[PDB]
Amino acid sequence: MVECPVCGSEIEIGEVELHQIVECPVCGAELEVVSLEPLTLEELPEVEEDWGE
Amino acid sequence: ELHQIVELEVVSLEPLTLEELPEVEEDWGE
Amino acid sequence: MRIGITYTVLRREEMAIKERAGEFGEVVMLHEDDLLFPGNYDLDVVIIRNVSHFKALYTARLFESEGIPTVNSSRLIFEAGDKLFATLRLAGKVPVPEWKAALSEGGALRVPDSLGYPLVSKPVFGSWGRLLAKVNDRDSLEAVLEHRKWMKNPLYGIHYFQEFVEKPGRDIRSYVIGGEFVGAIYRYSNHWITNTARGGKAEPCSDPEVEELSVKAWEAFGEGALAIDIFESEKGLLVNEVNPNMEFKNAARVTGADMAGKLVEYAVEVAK
Amino acid sequence: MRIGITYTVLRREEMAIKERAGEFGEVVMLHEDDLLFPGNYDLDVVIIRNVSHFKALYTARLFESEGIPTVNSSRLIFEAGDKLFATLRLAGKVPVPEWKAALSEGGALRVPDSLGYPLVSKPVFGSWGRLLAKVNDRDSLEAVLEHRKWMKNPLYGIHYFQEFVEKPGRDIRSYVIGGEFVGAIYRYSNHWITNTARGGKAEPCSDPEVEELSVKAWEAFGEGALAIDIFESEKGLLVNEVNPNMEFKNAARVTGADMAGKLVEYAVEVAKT
Amino acid sequence: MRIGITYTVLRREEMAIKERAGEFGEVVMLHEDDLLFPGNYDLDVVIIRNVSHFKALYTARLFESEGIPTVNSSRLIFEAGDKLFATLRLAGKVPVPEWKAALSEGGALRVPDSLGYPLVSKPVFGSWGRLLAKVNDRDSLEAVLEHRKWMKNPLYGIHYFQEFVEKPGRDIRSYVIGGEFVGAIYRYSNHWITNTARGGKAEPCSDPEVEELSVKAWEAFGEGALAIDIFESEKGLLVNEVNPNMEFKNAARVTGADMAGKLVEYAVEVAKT
Amino acid sequence: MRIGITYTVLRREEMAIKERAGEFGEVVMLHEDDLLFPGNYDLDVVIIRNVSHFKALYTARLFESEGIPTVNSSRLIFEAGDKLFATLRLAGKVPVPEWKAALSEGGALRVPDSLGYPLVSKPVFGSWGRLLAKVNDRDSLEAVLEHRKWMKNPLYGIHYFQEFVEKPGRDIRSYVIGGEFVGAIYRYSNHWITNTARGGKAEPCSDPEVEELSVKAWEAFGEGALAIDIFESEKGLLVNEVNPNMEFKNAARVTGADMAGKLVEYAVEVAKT
Ligand SMILES: Nc1ncnc2c1ncn2[C@@H]1O[C@H](COP(=O)(O)OP(=O)(O)O)[C@@H](O)[C@H]1O
Ligand SMILES: Nc1ncnc2c1ncn2[C@@H]1O[C@H](COP(=O)(O)OP(=O)(O)O)[C@@H](O)[C@H]1O
Ligand SMILES: Nc1ncnc2c1ncn2[C@@H]1O[C@H](COP(=O)(O)OP(=O)(O)O)[C@@H](O)[C@H]1O
Ligand SMILES: Nc1ncnc2c1ncn2[C@@H]1O[C@H](COP(=O)(O)OP(=O)(O)O)[C@@H](O)[C@H]1O
Ligand SMILES: [Mg+2]
Ligand SMILES: [Mg+2]
Ligand SMILES: [Mg+2]
Ligand SMILES: [Mg+2]
Ligand SMILES: [Mg+2]
Ligand SMILES: [Mg+2]
Ligand SMILES: [Zn+2]
């Protein structure tokens with residue numbers, strides 16, 4: 001398990017990879033796995049003017 | 001079955017014989 | 001549950017309907033030769049599949065007279081099966097092509113003043129795209145009226161017309177049973193008349209707007225199992241006609257939707 | 001087979017692509033921090049998934065310079081990802097909305113004379129519906145041009161406009177990979193800007209005409225994996241835009257099509273080229 | 001012959017180009033306000049002279065879309081005008097300073113691993129010595145990357161670096177037009193950044209070695225009119241950069257070379273096709 | 001009692017403040033969407049928690065214009081939130097690191113004659129350790145100045161510098177609310193920038209020297225709830241900066257102090273007068 005930085009809840013996200021995008025099951029926060037060795041979630045950086053498809 | 005259309009119409013069972021479908025009328029369809 | 005099916009020939013339609021009816025209860029296959037009224041029929045509901053529209057209409061009414069409910073009802077078969085009665089019912093509720101009706105040749109000659117050219121002339125009771133005419137000018141209008149005049153049927157003296165709608169090489173055919181959308185297809189053709197009966201090719205249509213419009217069009221009648229014909233125009237979707245003895249073999253094949261099952265499930269709902 | 005995947009973050013898309021790639025050979029996950037050139041890479045193909053369009057473009061070119069083929073190519077990322085270059089390539093081959101391009105505020109002021117109001121203003125390099133403006137009159141045109149002028153990016157000084165198309169509450173998003181149509185959706189919204197990014201709702205689209213037109217639009221480029229944007233109008237279908245770093249998670253869910261697998265299959269085809 | 005000249009302002013270079021063009025045919029002066037596409041132009045060639053690099057690139061592409069050839073072409077303006085795309089085409093063909101490219105701040109931190117210190121940081125699309133930084137240690141690298149990070153233009157997220165070359169108080173600027181060496185100057189400065197735009201002082205350069213190297217650098221591209229930047233170093237001459245919208249008023253004044261005339265003669269050759 | 005809380009995003013601290021208020025009266029949560037002026041608000045005091053310093057400033061001023069007091073006040077947000085205005089207010093009263101301000105690039109180039117190398121360049125309005133530079137030599141000073149120039153936010157035209165202070169692997173963040181010391185922490189890092197936003201780790205600080213110095217710093221302003229940044233140096237404690245939008249979640253966690261509760265108490269206190 002790990003703490004959501006928006007909500008504060010402890011959640012299970014499963015077998016994640018580094019820089020992977022996850023949705024918090026409680027608050028619906030979109031988050032980035034910024035570390036695995038110490039499992040750390042983080043809110044995404046700001047959208048740049050050339051981000052997308 | 002006694003009126004199946006097959007690739008026309010089965011008219012008879014006892015002696016099984018096929019036959020062409022009847023004339024298309026002006027109110028036939030859906 | 002005891003379910004009657006009236007038929008002329010056992011098309012793919014009727015075989016599938018029989019199988020599905022057999023899952024609910026007892027099936028009684030009634031060829032037109034078995035239809036004689038007044039008579040004694042032991043049936044909870046009758047599914048009306050006669051190929052002739054008028055024979056469908058009268059056999060529904062006759063079973064109704066024996067207290068046996070019918071899918072479709074005689075009322076729906078008449079209202080939806082007549083193009084004029086059906087568009088009058090639709091026009092309140094959904095967009096339809098501009099249309100005109102006249103009761104004589106002289107009145108019919110004024111229709112271009114409202115509709116303009118080209119227009120479409122079609123009989124009020126037809127199916128399979130028969131006797132449809134695209135009329136581009138007055139000479140053509142006169143020719144169609146002259147030929148309609150010399151035909152036997154007094155129903156050809158009800159003159160029904162629509163604006164010719166520029167469709168994108170296809171039209172849409174939708175199915176709504178008991179108020180539930182069951183599926184839709186595009187019917188493609190190189191000719192402006194797109195019926196599968198005249199060689200139209202079916203492709204699956206998942207457009208959510210045709211689903212919405214189709215349900216609304218069904219709601220104009222409020223009962224039964226209908227095949228619905230929709231045109232795509234530069235003004236958007238238009239409901240053209242509604243059909244109360246639906247063919248579906250190709251639509252079912254192309255969409256994977258179970259039109260026969262939904263039909264039967266609705267009939268037994270109607271029976272009880 | 002060593003298949004590189006180049007990424008900023010791992011969205012559903014990238015997770016699914018990684019899965020599919022693993023069935024064909026060894027996958028090398030390459031975060032942006034891992035990208036250093038000239039470098040010593042041992043790769044048969046790289047699938048370019050960077051969230052930044054310009055980072056995607058430059059990493060594709062760099063891998064090409066190491067002799068490693070790229071999906072999509074740097075040439076396609078640039079042409080397809082620029083609205084103006086893409087429109088130029090599309091204009092021969094498929095219907096597109098009426099458009100104009102001007103190189104100054106002064107020249108942009110004449111655009112209504114050609115296109116009429118309302119018109120749409122958009123930056124040549126954006127995505128997700130960013131900086132799209134519906135300009136209904138001269139006062140709005142001036143405000144829009146004044147703001148674009150003050151913005152830092154010199155690219156905002158390339159003034160690209162289109163006629164405003166009156167859509168029926170939705171637009172169409174289709175996918176063509178290596179010349180094969182893989183699927184399409186409608187994107188519904190109460191607002192005229194329909195991207196799922198803000199956030200249009202996806203429904204499957206089985207329209208065979210969008211399939212035929214999407215393949216034609218792809219053929220104007222003649223390579224790669226493209227997400228195509230199409231509008232319905234009273235004059236018929238119009239091709240608006242093509243996107244060389246496709247998102248598809250909703251499109252995939254709603255159509256049941258395997259966009260990710262098709263992208264990876266195409267990548268193994270170019271790896272063997 | 002109708003020769004177009006596209007421009008932002010008419011510098012000395014543009015006035016000279018205009019005069020020479022007038023010897024070969026009718027000259028159509030096209031300010032940016034006069035550029036609107038699609039449009040009807042009656043022109044056999046356009047000489048692209050917009051001060052903005054990006055406006056030059058897009059205006060070339062738009063004239064090409066109208067079937068009007070352009071000097072320089074959109075392809076050359078894009079590739080030559082980008083530090084990274086340009087060194088990629090120069091690499092293996094002529095000697096260049098040691099370089100490194102990264103695609104993120106975290107990747108850029110590793111650039112000194114290859115290049116050592118001091119190194120040179122520069123933006124990929126710049127000119128006139130703009131935003132050039134000499135970075136002597138880790139703290140300076142961090143400061144530069146911190147600032148690039150917060151700048152709006154996504155292009156500042158492409159991190160391009162060279163070894164710092166110890167030049168003898170000057171660098172070299174040469175000109176090659178259609179394969180013909182037309183002249184060269186030294187640019188002297190007591191600052192390591194020698195651009196004449198920043199106070200650099202022009203002096204004629206007659207080293208036969210720079211002529212041959214200059215032509216070879218041009219042949220890496222194979223078309224157009226290029227101002228080439230060369231460095232003298234302890235390991236001989238290195239090609240640093242090429243520039244597709246050449247300034248030359250100081251170079252022509254100091255060498256007597258008619259860069260304007262040669263540019264127009266090349267334009268007239270491309271007009272014939 | 002009716003206590004307004006103004007916020008950008010609901011998180012731990014805002015939620016902690018919400019519950020401590022409410023023990024005093026009715027709490028009204030005001031998202032930035034709810035802020036429209038002139039407007040009819042029925043509040044006795046507003047606790048200003050907007051993440052943007054600028055939005056906080058204007059929000060405070062706007063509530064004051066409706067006769068509603070604000071914690072912190074617009075004046076304090078202005079003076080304390082701007083680093084130069086703040087150090088000017090501190091200059092007489094408490095030791096600060098040596099500093100210098102210039103109004104142009106040319107003046108800024110003279111700064112190291114006063115401060116020596118290494119020195120620290122930072123924006124007057126920044127937080128979270130963003131755009132900090134440690135400048136070890138002239139080349140780096142030039143680089144930082146070049147980049148500031150091309151950001152073209154007029155605020156970066158104020159060039160604020162400090163001597164680089166050699167801290168022992170950490171710095172200090174103390175909290176003073178209405179003149180009462182509520183707690184302090186150490187922030188540890190092996191980078192010279194020790195922000196917890198930057199990955200710094202917080203521990204409790206019990207040093208009475210910093211408690212004394214914290215209250216003295218607060219007193220230079222004479223109002224509000226402030227977070228106070230202190231450095232330990234070779235020449236004793238120094239007050240680096242003050243912050244009128246105190247984040248405290250780590251400080252409260254690690255100290256056990258009720259920052260939320262103290263803040264609310266002060267606000268009800270402010271509501272009285
Ligand atoms: N007004 C019209 N404009 C364009 N096409 C039409 C029009 N009316 C009919 N059609 C074409 O002819 C076909 C048959 O028309 P219709 O008679 O209304 O249905 P049916 O004869 O099948 O009961 C339609 O499916 C359509 O393709
Ligand atoms: N000319 C236009 N007329 C009508 N709607 C438009 C027009 N241009 C864009 N839109 C709407 O805005 C959306 C985003 O525009 P698009 O050109 O695809 O840019 P992006 O690359 O940001 O998606 C489209 O999907 C469509 O819904
Ligand atoms: N790696 C380097 N070593 C030494 N001097 C350099 C280096 N890169 C650039 N310079 C100096 O800065 C000037 C401008 O750099 P350049 O790469 O030509 O960019 P621009 O397009 O801005 O002219 C050069 O003419 C040269 O004097
Ligand atoms: N002059 C300086 N000397 C040494 N370290 C400094 C100096 N200025 C700032 N720092 C370090 O950087 C951190 C952030 O700087 P600060 O001035 O507080 O800006 P911000 O308001 O962005 O936090 C400080 O907590 C300190 O660790
Ligand atoms: Mg019909
Ligand atoms: Mg029909
Ligand atoms: Mg796009
Ligand atoms: Mg789009
Ligand atoms: Mg240059
Ligand atoms: Mg140069
Ligand atoms: Zn959460």
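What counts as what
Residues numbered from 1 in each chain as written, not as in the entry; some residues may be left out. Chains lettered and ligands numbered in written order. Part of a larger assembly, values for the part shown. Heavy atoms only, no water. Residues with missing side-chain atoms left out of burial classes, pairs and counts. UniProt positions renumbered as here; feature names shortened; annotations may be inferred. Core = buried A, V, L, I, M, F, W, Y, C linked by side-chain atoms within 4.5 Å. Buried < 20%, exposed > 50% of the residue type's maximum accessible area, 1.4 Å probe, protein only. Contact = heavy atoms within 4.5 Å. Helix = DSSP H or I, 4+ residues; strand = E, 2+ residues; numbered from the N terminus. Least-squares fit on C-alpha atoms. Buried area = accessible area lost by both parts, 1.4 Å probe. Salt bridge = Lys/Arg side-chain N within 4 Å of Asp/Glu carboxyl O. Polar contact = N/O pair within 3.5 Å; in protein donor to acceptor, adjacent residues only side chain to side chain. Nonpolar A, V, L, I, M, F, W, Y, C, P; charged D, E, K, R; others polar. Patch = residues over 30% accessible without salt bridge, like charges linked within 9 Å, V, L, I, M, F, W, Y side chains within 5 Å. Areas by Shrake-Rupley, 256 points an atom, 1.4 Å probe, with all protein chains shown as cover. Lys, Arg positive; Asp, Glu negative; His and termini not counted. Charge placed at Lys NZ, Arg CZ, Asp CG, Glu CD. Axes fitted to C-alpha atoms, helices over the stretch in contact; angles between N-to-C directions. Parallel < 35°, antiparallel > 145°, perpendicular 65-115°, else oblique. Donors = N, O, S within 2.8 Å, 3.2 Å for Na, K, Ca; no water. Near = heavy atom within 4 Å. Domains from an automatic or database assignment. Pairing = 2+ DSSP bridges.

Labelled according to the PDB entry, chain C appears under the name RimK-related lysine biosynthesis protein, originating from Thermococcus kodakarensis. Its PDB title, taken directly from the record, is "Bifunctional LysX/ArgX from Thermococcus kodakarensis with LysW-gamma-AAA". In UniProt, chain C has this text filed under Pathway (unreviewed entry): "Amino-acid biosynthesis." Checking UniProt for chain C, the heading Cofactor (unreviewed entry) contains the comment "Mg(2+)".

A.B. asks: When you look at the nonpolar core in this model, what are you seeing that I'm missing?
C.D. replies: Side chains of a nonpolar character, in soluble globular proteins, are inclined to be buried together. With 87 residues, the main nonpolar core has D:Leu84 and E:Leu84 as its most contacted residues. Those residues in contact with E:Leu84 that lie beyond four places of it in its chain are D:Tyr58, D:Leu62, E:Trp99, E:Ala101, E:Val124, E:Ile158 and E:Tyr160. Ranked by size, the runner-up nonpolar core spans 49 residues in total, among them C:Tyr186, C:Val210, D:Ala80 and D:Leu237.

A.B. asks: Can you help me understand the UniProt feature "binding site: ADP 1" (unreviewed entry) in chain C in this one?
C.D. replies: All names here are of chain C. This chain's UniProt record puts "binding site: ADP 1" (unreviewed entry) on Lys83, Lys122, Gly129, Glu163, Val165, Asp171, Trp192, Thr194, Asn195 and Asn240. Along the chain, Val165 falls in the loop between β8 (159-163) and β9 (170-177). Apart from residues no more than four positions distant in its own chain, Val165 is found in contact with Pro97, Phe231, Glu232, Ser233 and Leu238. Locating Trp192 in the fold gives a position in the loop between β10 (180-188) and β11 (201-204). On the basis of relative accessibility, which here comes to 23%, the residue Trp192 falls in the partly exposed class. When neighbours within four sequence positions are excluded, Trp192 is seen to be in contact with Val120, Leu132, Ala133, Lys134, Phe164 and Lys167.

A.B. asks: I would appreciate a short explanation of the relation of the copies chain E and chain D in the present structure.
C.D. replies: What connects the two chain copies is a rotation about an axis and a shift along it. Rotating chain E by 180 degrees about the axis while translating it 0.1 Å along that axis superimposes it on chain D, leaving an RMSD of 0.2 Å. The two molecules are tied by a two-fold rotation axis, judged by turn and shift. It is E:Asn153 whose C-alpha, among those of chain E, lies nearest the rotation axis, at 2.7 Å.

A.B. asks: Please clarify how the UniProt feature "binding site: Mg(2+) 1" (unreviewed entry) in chain C should be interpreted in this entry.
C.D. replies: Residue and element names in this part refer to chain C. Sites flagged by UniProt as "binding site: Mg(2+) 1" (unreviewed entry) map to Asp229 and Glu241. Residue placement: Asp229 occurs in strand β12 (residues 225-233). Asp229 sits in the buried class, given a relative accessible area of 4%. Among all residues touching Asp229, those that are not within four sequence positions of it are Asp171, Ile172, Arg173, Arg187, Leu238, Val239, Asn240, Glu241 and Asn243. Mapped onto the fold, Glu241 is located in strand β13 (residues 236-243). Ignoring sequence-local partners within four residues, the contact set of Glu241 consists of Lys83, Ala227, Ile228 and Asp229.

A.B. asks: Can you help me understand the interface of chain E and chain D in this one?
C.D. replies: One widely used convention gives an interface's size as the accessible area the parts lose upon coming together. Taken together, the 37 residues of chain E in the interface contact 36 residues of chain D. Both sides of the chain E and chain D interface together cover about 3700 Å² of buried area, and 68% of this is carbon and sulfur. Three residues, E:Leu36, E:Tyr58 and E:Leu103, lead the burial of chain E against chain D; their summed loss comes to 21% of the area buried on that side. Counting across the interface, chain E meets chain D through zero salt bridges. Our count for the chain E to chain D interface comes out at 13 residue pairs in polar contact. Elements represented by at least two residues in the side of chain E that touches chain D include exactly β3 (36-37), α2 (53-65), α4 (83-90), β6 (99-102) and α5 (105-108) of chain E. Of the residues that constitute the side of chain E that touches chain D, the class distribution is 20 nonpolar, seven polar and 10 charged.

A.B. asks: Teacher, can you tell me more about a negative patch on the surface here?
C.D. replies: Together, A:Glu23, A:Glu30, A:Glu43, A:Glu46 and A:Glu48 make up a region of like negative charge exposed at the surface. Residue classification places A:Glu30 among the partly exposed residues on the basis of a relative accessible area of 33%.

A.B. asks: Sorry, what's going on with the packing of helix α4 (residues 83-91) of chain D against α2(E) here?
C.D. replies: The packing of two helices is summarised by the inter-axis angle and the distance between the axes. Where α4(D) meets α2(E), the closest approach of the two axes is 11 Å, and the angle between their N-to-C directions is 10 degrees. Taken together, the axis directions place α4(D) and α2(E) in an arrangement best described as roughly parallel. Across the interface between the two elements, D:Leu84, D:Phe85 and D:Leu88 from α4(D) touch E:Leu57, E:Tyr58, E:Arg61, E:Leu62 and E:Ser65 from α2(E). For the contact of α4(D) with α2(E), a count of residues per class yields six nonpolar, one polar and one charged.

A.B. asks: In this structure, what is going on with the coordination of the zinc ion (ligand 11)? I would like to understand it.
C.D. replies: Note on metal sites: the ideal angle is 109.5 degrees for four tetrahedral donors, and 90 or 180 degrees for six octahedral donors. Residue and element names in this part refer to chain A. Here the zinc ion (ligand 11) is held by the protein donor atoms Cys4 (SG), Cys24 (SG) and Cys27 (SG), which lie 2.3 to 2.5 Å from it. Each donor residue of the zinc ion (ligand 11) lies on the same chain, and together they follow the pattern C-x19-C-x2-C. Remark: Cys24 occurs in the loop between β3 (21-23) and β4 (30-35) and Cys4 occurs in the loop between β1 (2-3) and β2 (10-11); sequence separation between them is 20 residues. Taken individually, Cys4 and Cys24 each receive the classification buried, so the pair is uniform in this respect.

A.B. asks: Would you mind going over the environment of E:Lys134 with me for this structure?
C.D. replies: Note that E:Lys134 resides in strand β8 (residues 133-135). With 15 residues separating them in the primary sequence, E:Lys134 and E:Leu119 have C-alpha atoms 5.9 Å apart. At a separation of 3.0 Å, a polar atom in the side chain of E:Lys134 contacts the side chain of E:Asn136. For E:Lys134, the side chain forms a polar contact with the side chain of F:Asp139, separated by 3.3 Å.

A.B. asks: Is there a simple way to think about a positive patch on the surface in this case?
C.D. replies: Residue and element names in this part refer to chain C. A surface patch of like charges, here positive, comprises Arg12, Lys201, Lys249 and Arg253. Along the polypeptide, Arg12 turns up in helix α1 (residues 12-24). Residue class for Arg12 comes out exposed when judged on its relative accessible area of 67%.

A.B. asks: Explain the site of ligand 1 to me, please; I cannot follow it from the model alone.
C.D. replies: Residue and element names in this part refer to chain C. Around ligand 1, a shell composed of 23 residues is seen, among which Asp171, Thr194, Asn195, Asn240 and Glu241 lie nearest. Between ligand 1 and the protein, one listed contact pairs a nitrogen atom with a backbone N or O atom of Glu163 at 2.9 Å. In the environment of ligand 1, an oxygen atom lies 3.3 Å from a nitrogen or oxygen atom belonging to the side chain of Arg187. Surface burial for ligand 1 is 99%, taken as the share of its 530 Å² of free accessible area covered by protein chains. Breaking the shell around ligand 1 down by element, the ones donating at least two residues are β6 (119-122), β8, β12 and β13. Residues belonging to the shell around ligand 1 are distributed by class as follows: eight nonpolar, seven polar and eight charged. Formed jointly, the shell around ligand 1 draws a minimum of three residues from each of two domains, domain 2 (97-165) and domain 3 (166-272).

A.B. asks: How do you make sense of the coordination of the magnesium ion (ligand 7) when you look at a structure like this?
C.D. replies: Every protein donor of the magnesium ion (ligand 7) is listed here as D:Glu241 (OE), D:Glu241 (OE) and D:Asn243 (OD1), and their distances to the metal cover 1.8 to 2.5 Å. In this structure, the magnesium ion (ligand 7) lies 3.4 Å away from the magnesium ion (ligand 8), the two metals sharing D:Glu241 as a donor.

A.B. asks: What am I meant to see in the environment of F:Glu26 here?
C.D. replies: All names here are of chain F. Tracing the chain through its elements places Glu26 in strand β2 (residues 26-31). Sequence separation between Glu26 and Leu43 is 17 residues, and the spatial gap between their C-alpha atoms is 9.4 Å. Other than its neighbours up to four places away in sequence, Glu26 contacts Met1, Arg2 and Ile3. Within the structure, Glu26 has its side chain in polar contact with the side chain of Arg2 (distance 2.9 Å).

A.B. asks: For this particular structure, what's the right way to read the sheet that holds strand β11 (residues 180-188) of chain D?
C.D. replies: Neighbouring strands of a sheet are bound in pairs by backbone hydrogen bonds; such pairs are parallel or else antiparallel. On the basis of which strands lie adjacent, the open sheet formed by five strands has the order β12-β11-β10-β13-β14 (chain D) and antiparallel pairing. Of all strands in the sheet, those bounded by a partner on one side alone are β12 (201-204) and β14 (236-243) of chain D. Across the sheet, the mean angle from the axis of one strand to that of its neighbour is 30 degrees, orientation sign disregarded. Pairing of strand β10 (residues 170-177) of chain D with strand β13 (residues 225-233) of chain D, which is carried by six bridges, proceeds in the antiparallel orientation. For D:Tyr175, the partnering residue across the bridge sits in β13(D) and is D:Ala227. In this fold helix α8 (residues 208-219) of chain C packs onto β10, β11 and β12 of chain D, with an angle of close to 55 degrees to the strand it touches most, β11(D). Along the sheet, helix α10 (residues 259-271) of chain D makes contact with β10, β11 and β13 of chain D, crossing β10(D) at roughly 35 degrees.

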